[PDB]
Amino acid sequence: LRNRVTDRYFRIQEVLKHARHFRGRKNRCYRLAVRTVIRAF
Amino acid sequence: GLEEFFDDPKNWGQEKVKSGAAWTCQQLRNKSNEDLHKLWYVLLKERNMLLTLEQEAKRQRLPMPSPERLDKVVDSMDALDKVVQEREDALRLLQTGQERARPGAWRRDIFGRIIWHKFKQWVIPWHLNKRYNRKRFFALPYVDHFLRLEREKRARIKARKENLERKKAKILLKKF
Amino acid sequence: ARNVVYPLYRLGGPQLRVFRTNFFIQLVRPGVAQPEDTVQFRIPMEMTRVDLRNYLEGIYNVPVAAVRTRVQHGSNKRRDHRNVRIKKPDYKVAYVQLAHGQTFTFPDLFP
Amino acid sequence: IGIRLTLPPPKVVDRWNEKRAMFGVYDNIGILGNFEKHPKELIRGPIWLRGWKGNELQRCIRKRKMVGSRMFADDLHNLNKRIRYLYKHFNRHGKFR
Amino acid sequence: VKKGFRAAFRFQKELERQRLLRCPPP
Amino acid sequence: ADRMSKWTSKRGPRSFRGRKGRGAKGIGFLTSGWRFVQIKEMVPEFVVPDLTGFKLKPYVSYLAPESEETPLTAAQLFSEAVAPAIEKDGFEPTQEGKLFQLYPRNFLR
Amino acid sequence: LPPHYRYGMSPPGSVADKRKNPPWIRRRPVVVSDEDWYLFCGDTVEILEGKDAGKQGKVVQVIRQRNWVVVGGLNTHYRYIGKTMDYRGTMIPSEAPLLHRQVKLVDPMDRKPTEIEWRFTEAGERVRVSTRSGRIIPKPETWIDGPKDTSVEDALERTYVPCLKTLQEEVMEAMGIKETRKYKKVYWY
Amino acid sequence: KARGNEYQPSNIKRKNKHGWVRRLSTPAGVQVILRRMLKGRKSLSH
RNA sequence: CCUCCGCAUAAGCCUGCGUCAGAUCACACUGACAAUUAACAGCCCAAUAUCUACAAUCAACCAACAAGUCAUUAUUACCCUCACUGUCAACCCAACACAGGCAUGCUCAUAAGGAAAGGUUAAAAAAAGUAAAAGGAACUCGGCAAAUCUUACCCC
RNA sequence: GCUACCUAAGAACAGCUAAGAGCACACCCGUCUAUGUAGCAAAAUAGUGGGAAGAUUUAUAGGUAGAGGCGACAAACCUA
RNA sequence: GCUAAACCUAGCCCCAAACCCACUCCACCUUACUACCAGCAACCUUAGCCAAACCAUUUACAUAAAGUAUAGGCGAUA
Ligand SMILES: [Mg+2]
Ligand SMILES: [Mg+2]
Ligand SMILES: [Mg+2]
Ligand SMILES: [Mg+2]
Ligand SMILES: [Mg+2]
Ligand SMILES: [Mg+2]
Ligand SMILES: [Mg+2]
Ligand SMILES: [Mg+2]
Ligand SMILES: [Mg+2]
Ligand SMILES: [Mg+2]
Ligand SMILES: [Mg+2]
Ligand SMILES: [Mg+2]
Ligand SMILES: [Mg+2]
Ligand SMILES: [Mg+2]
Ligand SMILES: [Mg+2]
């Protein structure tokens, strides 16, 4: 593959650091987190 | 008697028995020809002796007394094989004028690939033998498309490998 | 001899003789408690009973009274790392019955 | 997780190579070699596209014609589909028509 | 294996930010 | 029903198991009651020489001299057969009338 | 043995390599040649780099597939041999293999590391010759039989009369066996 | 009724239908054998 | 206590609970070794002409119709002599150690062959079974089911 | 190699009453109900049933193939 | 702290040049992988999906002249 995304880890932790005080699976799982950290902001 | 399949009872399982230097091929071009037959049956009693030893090694789940000793009595058999054909290939070239004793032909089979047909000792000439006439030795041009495609693939195997050996001639040469 | 084109015989044909015997036998210990006067061999796949008759009386001067053989099937349930079956070889087993009352028992090698 | 742990081996790009230090030499062998040759007769590559830019459909009509007789057997049949697909796509699909 | 180097370099600044928290310095 | 296993003589029905056999190189023929005729000329009678009083043994000693490879070519045989062919200064023209053919081979081994 | 075998320290048909190179493994291949190869099995050499440099020893093994010498008693480390149960066993030093070019051949009566060419000499014909001095370094390096062995004197009898009579006849007349029956022409096709 | 056993095996029918001699009996069965030679199959017939 | 099973052959499968040992519902899996021996059964036929109208059914009466499952001779040719192969298993076809599918011969109830219950408690609901006062189709679309063995008629 | 039909030469059909007859096993099929519905089973199990010396049942080899085959037509069946 | 994560090199691709392959022994067109017995033998228009908004004629299998002359339900298009 030319041009894979090598730093995908760091777009995930930009989101999850504002979701780390949540409860459930939203403090770990990014698919559920971005629906809630967006609603938190 | 049946004792000729075993070694002598003074070396029934010492775990080391000395025996050395199988027959190299110039030690038999040395020898004559009455006594190459006469030495084949020397070597054959002794090889039949050793196959029934190692079949008693595996039976009792014990190692062989000397596994170094079979391949000498087989490589000399191969040499004694090789030394007589070279004599038989010598005069058959000399007398009749052609090597490869068994007659053959450069023939094309039904799949269209050219091979070495070998000949099969019949009693009626081929025109009247019912079984041999059923063998199609020819082309039938629906084949010539698949002849090209199987040709077409070996050139994909050959160019895959030679190109690959350049890139170990490359990445060796950069480090060293 | 094995792996060789045999000549034909038609009616006034000369006797087939084989100098330089190509096939070799080993002499095995039987498993299921033979009688006396029966020695069991491991003939190669291509060999006959009239061949092992003249094998032992010719090469070994041994007085065989009857040869009886069976074809043994080697196991084909064995797989490597890649699950393709590895055939242990099918081989022949002969049962020479010696004449002249000579009571052959398989000697105990390896004390 | 997908990201590698230790740093990769550092790359040694020999900047003053043979290929790299003399890149682009003998370009302009036209304008100051008085027009004997052409810079399009310096390009080394596939014979169909030697000094010809082309488009994806044009890159296949030219390959099928310039070398198309001498191509490999089931590689030619692949290319005749590809022309038939890119003709069907360029002349019947898209916006902006 | 991805061809990146800046992904792997900037990751071990986040392994040293995570190592000086758990095993802190004197 | 497997294709990968070798088709041996064990596998088919009654009419299949008894035709094939192993490579046994049979002897005679079959006569009208399935009664066999063992031809005594199609069986290889073995020709073992008299090994009694024999010097050459299944191994050579280690103190033997080593040699170089020199294969036995058809010239090398002829040079040691033309030394009795210059006092003019043993051949077979055709191999039909000989019991052991050399080209369309007759014998065994 | 499989292709891209790793020719490690233990022999390639051993009990130990089958623990280590079972027929399904493919590790990364190692890179390596040049059949003018100047280390043999038994020379005296030295060590240019590593633990215990300048140190001089014999060699016990040459592994050509990885360009190895195993210098005798040297470049060693310590392993426990046997050990067979929950006790120690005996510590025994083992030689780690030293790569070609971290090993240099020495001159015999000066005892210094020297670089080796091959100089083709009139006495015949190929031999190793040092570069800094002359001093042609050599190649370095009681039986009696049992009852199933011929002799030295009788493997060299040269019994062969070179007559053209195709062994099958040459015992057919030497055994007296007569065949009045003639073979008759079969269609060989 | 029940329905898995639509393969009731025999060898007299396996070789007389998909065997080598039946494949080489037609022109179209040679190109069956030629396709399994080209593709690289270890089994060409029954 | 079951035996609605069995023992062989055919077909199929192709070493698949034999010996020794190793491991990690439970202890047929893995490695080494060993076996199934021909009389049974396959594998047959020297030509050239030429012969063969009367079934089988205990084949005898008697009766047929659909009209039948088995034979030679003449002359020429002919002295080699028992090979080759199948022979195992708790087995096949159904993805499975699958209540299914599977030709034939005897055993027509067993001389073979197997275990419906891992242990407890004895709730509901659900499955099968057995028993029932008085009534006896009042049930229901319909005596469906079960129980008794049964009447007559219509349409097609 | 299932299934529709056909061909070659096979095989089976107890016991009782007396014939494309009746009762009735082996066998073949599948009427009705109950269970089952990721089942034991990609159509089975337990009863209960229709036929069971014939237009039957069935093993073995062969035959017909897709614009077709075959069909006591259900537009069925031709490898779930 | 379990499960796991991590990894470089097998190899491959696209071109360039050069036209490429065949024979240890035995066996292999019968039921291939079978030692050995009295019969005929191949040479042919592609079609259709799809585009024409249906479909029925029709619808592509070095540069430059040139998308020109022409063809075309004179239309898609060639
Ligand atoms: Mg059995
Ligand atoms: Mg199923
Ligand atoms: Mg019992
Ligand atoms: Mg329980
Ligand atoms: Mg009541
Ligand atoms: Mg009511
Ligand atoms: Mg009512
Ligand atoms: Mg009513
Ligand atoms: Mg009812
Ligand atoms: Mg019907
Ligand atoms: Mg009736
Ligand atoms: Mg009835
Ligand atoms: Mg139609
Ligand atoms: Mg209708
Ligand atoms: Mg359209």
# chains A, B, ... in the order shown; residues from 1 in each chain; ligands from 1
$ interface_residues --of "chain I" --to "chain C" --cutoff "7 Å" --atoms "only C-alpha atoms (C1' of nucleotides)" --output "list in words"
residues 15, 34 and 37 of chain I
$ residues_near_ligand --ligand "ligand 15" --cutoff "10 Å" --atoms "only C-alpha atoms (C1' of nucleotides) and all ligand atoms" --output "PyMOL selection string"
chain K and resi 50-55+59+76
$ write_last_selection --atoms "C-alpha atoms (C1' of nucleotides)" --output "PDB file, in the first residue's frame"
ATOM      1  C1'   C K  50     -24.250  -3.454 -23.145  1.00  0.00           C
ATOM      2  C1'   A K  51     -25.056   1.829 -25.988  1.00  0.00           C
ATOM      3  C1'   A K  52     -29.238   3.699 -28.830  1.00  0.00           C
ATOM      4  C1'   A K  53     -32.080   6.234 -22.263  1.00  0.00           C
ATOM      5  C1'   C K  54     -37.286   0.499 -25.039  1.00  0.00           C
ATOM      6  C1'   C K  55     -36.001  -2.333 -29.099  1.00  0.00           C
ATOM      7  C1'   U K  59     -22.983  -0.548 -31.174  1.00  0.00           C
ATOM      8  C1'   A K  76     -26.437   5.959 -31.061  1.00  0.00           C
TER       9        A K  76
END
$ residues_around --residues "residue 83 in chain I" --least-positions-apart "2" --cutoff "9 Å" --atoms "only C-alpha atoms (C1' of nucleotides)" --output "ChimeraX atom specification"
/C:48-50 /F:26-29,36-38
$ closest_atom_pairs --of "chain B" --to "chain I" --cutoff "10 Å" --atoms "only C-alpha atoms (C1' of nucleotides)" --output "JSON lines"
{"residue": "B:58", "atom": "CA", "partner": "I:33", "partner_atom": "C1'", "distance": 7.3}
{"residue": "B:59", "atom": "CA", "partner": "I:33", "partner_atom": "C1'", "distance": 5.7}
{"residue": "B:60", "atom": "CA", "partner": "I:33", "partner_atom": "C1'", "distance": 8.0}
{"residue": "B:61", "atom": "CA", "partner": "I:32", "partner_atom": "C1'", "distance": 7.2}
$ write_last_selection --atoms "C-alpha atoms" --output "short mmCIF file (atom, residue, chain, number, x, y, z; two decimals), in the first residue's frame"
data_model
loop_
_atom_site.label_atom_id
_atom_site.label_comp_id
_atom_site.auth_asym_id
_atom_site.auth_seq_id
_atom_site.Cartn_x
_atom_site.Cartn_y
_atom_site.Cartn_z
CA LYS B 58 13.91 -50.84 14.62
CA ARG B 59 12.06 -53.94 15.85
CA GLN B 60 13.80 -53.87 19.24
CA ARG B 61 13.79 -50.03 19.24
#
$ select_by_dssp --residues "chain H" --states "alpha helix (DSSP H)" --output "MDAnalysis selection string"
chainID H and resid 11:18 20:23 27:39
$ write_last_selection --atoms "C-alpha atoms" --output "PDB file, in the first residue's frame"
ATOM      1  CA  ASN H  11     -15.252 -47.505  -8.615  1.00  0.00           C
ATOM      2  CA  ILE H  12     -16.699 -49.031 -11.785  1.00  0.00           C
ATOM      3  CA  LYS H  13     -18.688 -45.849 -12.226  1.00  0.00           C
ATOM      4  CA  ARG H  14     -16.002 -43.456 -10.988  1.00  0.00           C
ATOM      5  CA  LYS H  15     -13.440 -44.523 -13.565  1.00  0.00           C
ATOM      6  CA  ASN H  16     -15.974 -45.074 -16.354  1.00  0.00           C
ATOM      7  CA  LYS H  17     -17.199 -41.510 -16.066  1.00  0.00           C
ATOM      8  CA  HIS H  18     -14.381 -39.232 -14.964  1.00  0.00           C
ATOM      9  CA  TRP H  20      -8.501 -40.910 -17.861  1.00  0.00           C
ATOM     10  CA  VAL H  21      -9.703 -42.981 -20.793  1.00  0.00           C
ATOM     11  CA  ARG H  22     -13.108 -41.312 -20.844  1.00  0.00           C
ATOM     12  CA  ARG H  23     -11.498 -37.859 -20.697  1.00  0.00           C
ATOM     13  CA  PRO H  27     -11.822 -33.621 -28.023  1.00  0.00           C
ATOM     14  CA  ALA H  28     -13.499 -31.620 -25.260  1.00  0.00           C
ATOM     15  CA  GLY H  29     -12.153 -33.861 -22.531  1.00  0.00           C
ATOM     16  CA  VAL H  30      -8.584 -33.333 -23.640  1.00  0.00           C
ATOM     17  CA  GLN H  31      -9.010 -29.627 -22.956  1.00  0.00           C
ATOM     18  CA  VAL H  32     -10.362 -30.675 -19.550  1.00  0.00           C
ATOM     19  CA  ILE H  33      -7.096 -32.515 -18.933  1.00  0.00           C
ATOM     20  CA  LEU H  34      -5.120 -29.652 -20.479  1.00  0.00           C
ATOM     21  CA  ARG H  35      -6.679 -27.097 -18.132  1.00  0.00           C
ATOM     22  CA  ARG H  36      -5.668 -29.084 -15.058  1.00  0.00           C
ATOM     23  CA  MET H  37      -2.171 -29.428 -16.471  1.00  0.00           C
ATOM     24  CA  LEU H  38      -1.952 -25.657 -16.969  1.00  0.00           C
ATOM     25  CA  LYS H  39      -3.516 -24.729 -13.639  1.00  0.00           C
TER      26      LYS H  39
END
$ closest_atom_pairs --of "chain B" --to "chain C" --cutoff "9 Å" --atoms "only C-alpha atoms" --output "tab-separated table"
residue	atom	partner	partner_atom	distance
B:1	CA	C:62	CA	5.4
B:2	CA	C:62	CA	7.0
B:4	CA	C:60	CA	7.3
B:5	CA	C:27	CA	7.2
B:9	CA	C:109	CA	8.7
B:12	CA	C:109	CA	6.0
B:13	CA	C:110	CA	5.1
B:14	CA	C:110	CA	8.2
B:37	CA	C:20	CA	6.5
B:40	CA	C:20	CA	6.4
B:41	CA	C:20	CA	7.5
B:44	CA	C:24	CA	7.4
B:45	CA	C:59	CA	7.9
B:47	CA	C:24	CA	7.7
B:48	CA	C:26	CA	5.5
B:49	CA	C:26	CA	7.2
B:50	CA	C:26	CA	8.0
B:51	CA	C:26	CA	5.3
B:52	CA	C:26	CA	4.6
B:53	CA	C:26	CA	8.3
B:55	CA	C:28	CA	6.9
B:56	CA	C:28	CA	7.3
B:57	CA	C:110	CA	8.8
B:59	CA	C:29	CA	8.3
B:60	CA	C:110	CA	8.8
B:62	CA	C:110	CA	8.8
B:81	CA	C:20	CA	8.9
B:102	CA	C:5	CA	8.4
B:120	CA	C:5	CA	8.5
B:121	CA	C:8	CA	7.4
B:122	CA	C:8	CA	8.6
B:123	CA	C:10	CA	8.8
$ write_last_selection --atoms "C-alpha atoms" --output "PDB file, in the first residue's frame"
ATOM      1  CA  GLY B   1      21.932 -72.290   5.547  1.00  0.00           C
ATOM      2  CA  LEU B   2      20.016 -69.352   6.946  1.00  0.00           C
ATOM      3  CA  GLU B   4      24.241 -66.258   5.867  1.00  0.00           C
ATOM      4  CA  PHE B   5      21.814 -63.432   6.620  1.00  0.00           C
ATOM      5  CA  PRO B   9      28.234 -64.241  16.518  1.00  0.00           C
ATOM      6  CA  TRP B  12      26.419 -59.705  17.366  1.00  0.00           C
ATOM      7  CA  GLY B  13      25.846 -56.172  18.512  1.00  0.00           C
ATOM      8  CA  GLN B  14      29.130 -54.708  19.729  1.00  0.00           C
ATOM      9  CA  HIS B  37      29.605 -60.998 -11.612  1.00  0.00           C
ATOM     10  CA  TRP B  40      28.145 -58.909  -7.227  1.00  0.00           C
ATOM     11  CA  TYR B  41      27.007 -62.023  -5.431  1.00  0.00           C
ATOM     12  CA  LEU B  44      24.545 -59.133  -2.306  1.00  0.00           C
ATOM     13  CA  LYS B  45      24.829 -61.623   0.551  1.00  0.00           C
ATOM     14  CA  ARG B  47      23.688 -56.267   1.807  1.00  0.00           C
ATOM     15  CA  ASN B  48      20.892 -58.760   2.530  1.00  0.00           C
ATOM     16  CA  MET B  49      22.735 -59.269   5.821  1.00  0.00           C
ATOM     17  CA  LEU B  50      22.538 -55.612   6.706  1.00  0.00           C
ATOM     18  CA  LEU B  51      18.911 -54.935   5.807  1.00  0.00           C
ATOM     19  CA  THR B  52      17.904 -57.675   8.218  1.00  0.00           C
ATOM     20  CA  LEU B  53      20.111 -56.138  10.875  1.00  0.00           C
ATOM     21  CA  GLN B  55      15.127 -54.239  10.592  1.00  0.00           C
ATOM     22  CA  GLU B  56      16.071 -55.799  13.906  1.00  0.00           C
ATOM     23  CA  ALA B  57      17.306 -52.467  15.156  1.00  0.00           C
ATOM     24  CA  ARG B  59      12.059 -53.938  15.852  1.00  0.00           C
ATOM     25  CA  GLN B  60      13.803 -53.873  19.240  1.00  0.00           C
ATOM     26  CA  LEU B  62      17.593 -50.059  19.533  1.00  0.00           C
ATOM     27  CA  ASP B  81      26.545 -51.074 -11.445  1.00  0.00           C
ATOM     28  CA  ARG B 102      16.268 -49.536 -25.447  1.00  0.00           C
ATOM     29  CA  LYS B 120       7.401 -51.954 -25.887  1.00  0.00           C
ATOM     30  CA  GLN B 121       8.269 -55.361 -27.478  1.00  0.00           C
ATOM     31  CA  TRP B 122       5.176 -56.536 -29.293  1.00  0.00           C
ATOM     32  CA  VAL B 123       4.643 -59.693 -31.375  1.00  0.00           C
TER      33      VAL B 123
END
$ select_by_dssp --residues "range 113-179 of chain G" --states "strand (DSSP E or B)" --output "list in words"
residues 113, 116, 117, 118, 128, 129 and 130 of chain G
$ residues_around --residues "residue 15 in chain A" --least-positions-apart "3" --cutoff "8 Å" --atoms "only C-alpha atoms (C1' of nucleotides)" --output "JSON, numbers by chain"
{"A": [11, 12, 18, 19, 30, 33, 34, 37]}
$ write_last_selection --atoms "N, CA and C atoms" --output "PDB file, in the first residue's frame"
ATOM      1  N   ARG A  11      -4.927  10.126  16.538  1.00  0.00           N
ATOM      2  CA  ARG A  11      -6.221  10.755  16.356  1.00  0.00           C
ATOM      3  C   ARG A  11      -7.238  10.132  17.281  1.00  0.00           C
ATOM      4  N   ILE A  12      -6.959   8.921  17.741  1.00  0.00           N
ATOM      5  CA  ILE A  12      -7.865   8.249  18.652  1.00  0.00           C
ATOM      6  C   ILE A  12      -7.737   8.862  20.038  1.00  0.00           C
ATOM      7  N   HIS A  18     -10.720  13.293  26.455  1.00  0.00           N
ATOM      8  CA  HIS A  18     -11.853  14.019  26.999  1.00  0.00           C
ATOM      9  C   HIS A  18     -13.019  13.114  27.341  1.00  0.00           C
ATOM     10  N   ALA A  19     -12.888  11.818  27.108  1.00  0.00           N
ATOM     11  CA  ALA A  19     -13.933  10.851  27.401  1.00  0.00           C
ATOM     12  C   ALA A  19     -13.510   9.899  28.503  1.00  0.00           C
ATOM     13  N   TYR A  30     -13.804   3.941  20.716  1.00  0.00           N
ATOM     14  CA  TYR A  30     -13.841   5.221  20.020  1.00  0.00           C
ATOM     15  C   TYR A  30     -15.133   5.434  19.255  1.00  0.00           C
ATOM     16  N   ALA A  33     -17.449   6.610  21.841  1.00  0.00           N
ATOM     17  CA  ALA A  33     -16.920   7.814  22.462  1.00  0.00           C
ATOM     18  C   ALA A  33     -17.197   9.070  21.664  1.00  0.00           C
ATOM     19  N   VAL A  34     -16.955   9.070  20.352  1.00  0.00           N
ATOM     20  CA  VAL A  34     -17.112  10.291  19.568  1.00  0.00           C
ATOM     21  C   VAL A  34     -18.559  10.667  19.401  1.00  0.00           C
ATOM     22  N   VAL A  37     -18.416  12.452  23.324  1.00  0.00           N
ATOM     23  CA  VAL A  37     -17.543  13.602  23.553  1.00  0.00           C
ATOM     24  C   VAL A  37     -17.910  14.758  22.635  1.00  0.00           C
TER      25      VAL A  37
END
$ residues_near_ligand --ligand "ligand 9" --cutoff "9 Å" --atoms "only C-alpha atoms (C1' of nucleotides) and all ligand atoms" --output "list in words"
residues 143, 144, 145 and 146 of chain I; 32, 33 and 48 of chain J
$ interface_residues --of "chain J" --to "chain H" --cutoff "10 Å" --atoms "only C-alpha atoms (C1' of nucleotides)" --output "PDB file with C-alpha atoms (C1' of nucleotides), in the first residue's frame"
ATOM      1  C1'   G J   1     -23.469 -42.955  -8.547  1.00  0.00           C
ATOM      2  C1'   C J   2     -29.836 -38.822  -6.422  1.00  0.00           C
ATOM      3  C1'   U J   3     -34.295 -38.859  -9.146  1.00  0.00           C
ATOM      4  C1'   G J  30     -46.062 -42.082   3.413  1.00  0.00           C
ATOM      5  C1'   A J  41     -32.210 -35.388  10.769  1.00  0.00           C
ATOM      6  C1'   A J  42     -30.829 -28.971   5.281  1.00  0.00           C
ATOM      7  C1'   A J  43     -37.834 -33.516   6.117  1.00  0.00           C
ATOM      8  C1'   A J  44     -36.375 -37.190  11.108  1.00  0.00           C
ATOM      9  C1'   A J  61     -23.281 -52.335 -15.284  1.00  0.00           C
ATOM     10  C1'   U J  79     -26.562 -34.401  -7.383  1.00  0.00           C
ATOM     11  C1'   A J  80     -30.332 -30.768  -0.919  1.00  0.00           C
TER      12        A J  80
END
$ residues_near_ligand --ligand "ligand 10" --cutoff "10 Å" --atoms "only C-alpha atoms (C1' of nucleotides) and all ligand atoms" --output "VMD selection string"
chain J and resid 4 to 5 71 to 72 76 to 77
$ write_last_selection --atoms "C-alpha atoms (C1' of nucleotides)" --output "PDB file, in the first residue's frame"
ATOM      1  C1'   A J   4     -37.733 -39.578 -14.368  1.00  0.00           C
ATOM      2  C1'   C J   5     -37.888 -43.363 -18.073  1.00  0.00           C
ATOM      3  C1'   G J  71     -42.551 -37.562 -17.813  1.00  0.00           C
ATOM      4  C1'   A J  72     -49.346 -43.199 -15.673  1.00  0.00           C
ATOM      5  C1'   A J  76     -43.100 -32.925 -12.109  1.00  0.00           C
ATOM      6  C1'   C J  77     -37.797 -34.825 -11.915  1.00  0.00           C
TER       7        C J  77
END
$ residues_near_ligand --ligand "ligand 4" --cutoff "8 Å" --atoms "only C-alpha atoms (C1' of nucleotides) and all ligand atoms" --output "ChimeraX atom specification"
/I:117-119
$ residues_around --residues "residue 40 in chain G" --least-positions-apart "2" --cutoff "9 Å" --atoms "only C-alpha atoms (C1' of nucleotides)" --output "list in words"
residues 37, 38, 42, 43, 59, 61, 62, 69, 139 and 140 of chain G
$ residues_near_ligand --ligand "ligand 13" --cutoff "12 Å" --atoms "only C-alpha atoms (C1' of nucleotides) and all ligand atoms" --output "list in words"
residues 66, 67 and 68 of chain J
$ residues_near_ligand --ligand "ligand 11" --cutoff "8 Å" --atoms "only C-alpha atoms (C1' of nucleotides) and all ligand atoms" --output "NGL selection string"
:J and (20-22 or 52)
$ residues_near_ligand --ligand "ligand 6" --cutoff "10 Å" --atoms "only C-alpha atoms (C1' of nucleotides) and all ligand atoms" --output "list in words"
residues 138, 139 and 140 of chain I
